[PDB]
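Note on naming: letters A, B, ... go to the chains in the order of the sequence lines (proteins, then strands), and numbering restarts at 1 for each one. Heavy-atom basis, side chains included; hydrogens, waters and symmetry copies ignored.
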Amino acid sequence: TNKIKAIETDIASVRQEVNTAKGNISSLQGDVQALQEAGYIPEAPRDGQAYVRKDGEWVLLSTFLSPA
Amino acid sequence: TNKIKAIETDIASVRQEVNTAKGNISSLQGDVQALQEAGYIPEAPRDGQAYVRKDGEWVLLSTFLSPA
Amino acid sequence: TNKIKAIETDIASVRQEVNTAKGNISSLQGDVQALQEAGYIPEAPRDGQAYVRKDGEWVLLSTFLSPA
């Protein structure tokens, strides 16, 4: 009985795949982190009004096409 | 022959790493889900025109700097 | 001693989990790729000014509420 050699290569095989996965997992984390740090902006309200961007918020455009 | 004890701790080791990976995988999924639900907006056309945001779309600013 | 059968099912078990993980990892990659390709836009400056979008950049709205 040497089924200990087949079991060994089988564990070695799984271990390699786990190493590859740990790598893709690390890559994924760095990509998600960058996406999170990009500071993207959410959608403007969907209320039939036009919006412009100011101080991290959507402000009504008509607000500036009037004095006040 | 006790190489069954070394094989056991080796499987235990891989299993722990797989547990850690399952965790980072779950964390990644929750982060990607939130990024997907944030409702970010795509780029405006790159055609030399100015755009404002309205009803989930980029509309030409000049459209409002005119009556119609 | 058949602890070789228990070790076998244990490796089989870990291998299945590793297969599931490889799948969730692949799914995550396709989702992150799409998020990266969506071409979202970063925040406008936070300087108290109103901005509109033009040619892949935030341009001051007042720039168009004046001839030049």
Side-chain angles (χ1 to χ4, degrees), chain A residues 6-46 51 53 56-58, chain B residues 7-47 51 53 55-58, chain C residues 7-46 51 53-58:
Chain A
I7 270 162
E8 256 159 0
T9 57
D10 272 41
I11 297 180
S13 182
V14 165
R15 228 156 147 72
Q16 187 258 340
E17 280 183 17
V18 160
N19 280 162
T20 299
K22 279 194 281 155
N24 289 337
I25 287 192
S26 273
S27 201
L28 271 167
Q29 297 175 313
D31 277 1
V32 163
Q33 189 183 129
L35 283 172
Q36 285 165 152
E37 293 156 5
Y40 297 137
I41 71 187
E43 179 62 75
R46 306 198 197 62
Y51 288 87
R53 197 70 173 175
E57 89 245 336
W58 288 112
Chain B
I7 270 162
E8 256 159 0
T9 57
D10 272 41
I11 297 180
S13 182
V14 165
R15 228 156 147 72
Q16 187 258 340
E17 280 183 17
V18 160
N19 280 162
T20 299
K22 279 194 281 155
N24 289 337
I25 287 192
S26 273
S27 201
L28 271 167
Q29 297 175 313
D31 277 1
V32 163
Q33 189 183 129
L35 283 172
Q36 285 165 152
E37 293 156 5
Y40 297 137
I41 71 187
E43 179 62 75
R46 306 198 197 62
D47 56 14
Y51 288 87
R53 197 70 173 175
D55 291 331
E57 89 245 336
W58 288 112
Chain C
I7 270 162
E8 256 159 0
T9 57
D10 272 41
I11 297 180
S13 182
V14 165
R15 228 156 147 72
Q16 187 258 340
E17 280 183 17
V18 160
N19 280 162
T20 299
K22 279 194 281 155
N24 289 337
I25 287 192
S26 273
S27 201
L28 271 167
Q29 297 175 313
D31 277 1
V32 163
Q33 189 183 129
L35 283 172
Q36 285 165 152
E37 293 156 5
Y40 297 137
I41 71 187
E43 179 62 75
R46 306 198 197 62
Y51 288 87
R53 197 70 173 175
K54 180 183 146 154
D55 291 331
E57 89 245 336
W58 288 112

Identify the two heavy atoms, one from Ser13(C) and one from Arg15(B), that lie closest to each other, and give their separation to 0.1 Å. OG-NH2, 3.2 Å

Of all heavy-atom pairs linking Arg46(A) and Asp55(B), the shortest is C-OD1, 3.6 Å

Name all pairs fulfilling the ring-ring contact (aromatic ring centres under 6.0 Å, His included) condition that reach into residues 7-41 of chain A, sequence neighbours left out, sorted by first residue then second. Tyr40(A)-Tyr40(B), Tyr40(A)-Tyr40(C)

State, to 0.1 Å, how close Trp58(C) and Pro42(C) come at their nearest heavy-atom pair, and which atoms those are. NE1-O, 2.9 Å

Residues in side-chain hydrogen bond (donor to acceptor under 3.5 Å, both in side chains) with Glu43(C), at least two apart? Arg53(A)

Heavy-atom check, side chain of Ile11(A) versus side chain of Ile7(A), under 4.5 Å: yes

Identify every side-chain donor-acceptor pair in residues 23-39 of chain B under 3.5 Å, counting partners at least two apart or on other chains, and give the distances.
{"from": "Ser26(B)", "atom 1": "OG", "to": "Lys22(B)", "atom 2": "O", "distance (Å)": "3.4"}
{"from": "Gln36(B)", "atom 1": "NE2", "to": "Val32(B)", "atom 2": "O", "distance (Å)": "3.4"}

